[PDB]
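If you're matching them up, the sequences are chains C and V in order. For the first sequence, the working numbering assigns the number 28 to the initial residue and increments by one for each residue that follows. For the second sequence, the working numbering assigns the number 69 to the initial residue and increments by one for each residue that follows. Backbone N, C-alpha and C define an ideal beta-carbon position, used for all residues, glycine too.
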Amino acid sequence: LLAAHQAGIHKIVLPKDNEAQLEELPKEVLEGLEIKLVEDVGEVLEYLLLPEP
Amino acid sequence: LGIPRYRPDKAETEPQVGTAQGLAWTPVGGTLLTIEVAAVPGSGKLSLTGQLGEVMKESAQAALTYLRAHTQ
């Protein structure tokens, strides 16, 4: 996520099971970066497609 | 200690839909392996991945034709 933020990239997709990892951090990280935690690959592929197929 | 890096004792595992959970005996001391299986659509061909021994291939054949004694 820090790689993403320093590149100015702020809207992220991540595994649901990694919801636990999140809290050894400051709000510096946690509020520029807007995390869409998902458990399946159907979920990320609905998020990352611009057009419909 | 921080956040539970697992769930508790494993009645909470809530059965998977096809991956078996095998007992493995390793030089780090015998620890689990959940050997994973993808059943794909196709035409009836086998491939086997994952640094496997050929003993695993043969055991797959043995269980496999055991299944072929039990498709009925």
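What are the partner residues of residue i, as DSSP defines its beta bridges?
| i | result |
| --- | --- |
| C:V40 | C:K63 |
| residue 168 of chain V | Any property of residue 168 of chain V remains undetermined from this structure, which presents chain V solely from 69 to 140. |
Chain C partners of residue i, CB-CB under 7 Å?
| i | result |
| --- | --- |
| V:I103 | By Cβ distance, chain C contributes nothing, its closest Cβ being about 20 Å from V:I103, past 7 Å. |
Candidates the options: which alpha carbon is nearest residue i's?
| i | options | result |
| --- | --- | --- |
| V:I71 | C:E50, C:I39, C:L75 and C:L29 | C:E50 |
| C:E55 | C:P80, C:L76, C:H37 and C:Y74 | C:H37 |
| C:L64 | C:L29, C:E46 and C:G35 | C:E46 |
| C:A34 | C:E79, C:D44, C:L60 and C:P78 | C:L60 |
| C:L41 | C:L28, C:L76, C:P80 and C:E58 | C:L28 |
| C:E58 | C:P80, C:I39 and C:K43 | C:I39 |
| C:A31 | C:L75, C:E79 and C:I62 | C:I62 |
Run down chain V in chain order and give the residues with a C-beta less than 8 Å from the C-beta of residue i.
| i | result |
| --- | --- |
| C:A47 | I71, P72 and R73 |
*Is it true that the stretch 81-90 of chain V meets the stretch 98-114 of chain V, where meeting means three or more beta-carbon pairs spaced less than 8 Å apart?*
With a cut-off of 8 Å, the stretch 98-114 of chain V and the stretch 81-90 of chain V count as touching, because enough Cβ pairs lie within range.
_Segment contact flag, the stretch 67-76 of chain C with the stretch 75-82 of chain V, C-beta cutoff 8 Å, min 3 pairs_ = No: fewer than three Cβ pairs fall under 8 Å.
_Any 3 or more C-beta pairs closer than 8 Å across the stretch 92-101 of chain V and the stretch 115-126 of chain V_ = Touching, no.
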